[PDB]
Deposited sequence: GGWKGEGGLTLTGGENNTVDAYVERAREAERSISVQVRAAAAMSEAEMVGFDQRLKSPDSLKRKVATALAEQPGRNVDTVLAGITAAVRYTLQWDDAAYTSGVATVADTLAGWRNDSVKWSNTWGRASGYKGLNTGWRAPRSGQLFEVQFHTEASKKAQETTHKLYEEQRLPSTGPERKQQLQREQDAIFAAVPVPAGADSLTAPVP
């Protein structure tokens, strides 16, 4: 059995189900990183966070044990079936080649029989985080993975807004005064021409 050291738990029958999923995803990642590093080169994109392209085993179980608490009756099989960011990648660009580079990666992935699950285009928002987080399912392995396309400035937003998330989400001594401090950076982040018009590629 698994012991969530924050008040969480998982039985051995569920624990071995997740550990089998961990090694199972690690096998599909090999064929996925191949198809990802390709488009990252086919569009002159930069790959950051690639050293952590696979989600942590403990962090994976916490999201499962939390989902089990929110929705009993759901088995770990369906809970693991909903995980979207178990394997994940980040593609960077200059603001000039961002929009064209994203369309390349999305089409080359779709052309390789990958399925678009989500398309979180938040560039045309006057307030909030700017970016495009995408969801994909590998063709034969069926593994759900995500790709968040960033710029040098958009990645620097989350590189710096997370420390404000740290002292805002936590009510230790806090709040909304930093809500402007973050949206000031989000407004300071330039939106590439067409970034707010990026749609999921129809396969």
If I number the deposited sequence starting at 1, which residue ranges have no C-alpha coordinates at all?
1, 176-178
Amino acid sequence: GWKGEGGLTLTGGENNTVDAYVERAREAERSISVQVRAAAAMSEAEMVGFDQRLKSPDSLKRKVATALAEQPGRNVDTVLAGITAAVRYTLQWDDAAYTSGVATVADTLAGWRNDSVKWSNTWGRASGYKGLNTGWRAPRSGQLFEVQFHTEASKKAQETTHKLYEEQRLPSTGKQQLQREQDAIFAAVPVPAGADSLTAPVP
From here on, numbers count along this sequence of modelled residues.
Averaging the C-alpha B factors as listed in the entry, name the stretch that ends up higher: 140-148 or 61-69.
61-69
On mean C-alpha B-factor from the PDB entry, just flag whether 127-135 or 105-113 is the higher one.
127-135
Selection by C-alpha B-factor (highest) of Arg169, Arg37, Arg26, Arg53
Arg169
Consider only the C-alpha atoms of the modelled residues in this chain, order them by B-factor as the entry records it, and name the third containing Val22: lowest, middle or highest.
lowest
Lowest, middle or highest third: where is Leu164 by C-alpha B factor in its chain?
highest
Among modelled residues of the same chain, the CA temperature factor third for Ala41
lowest
By the recorded C-alpha temperature factor, relative to the other modelled residues in its chain, which third is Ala193 in?
middle
Divide the modelled residues of the chain into thirds by Cα B-factor and specify which third, lowest, middle or highest, holds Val48.
middle
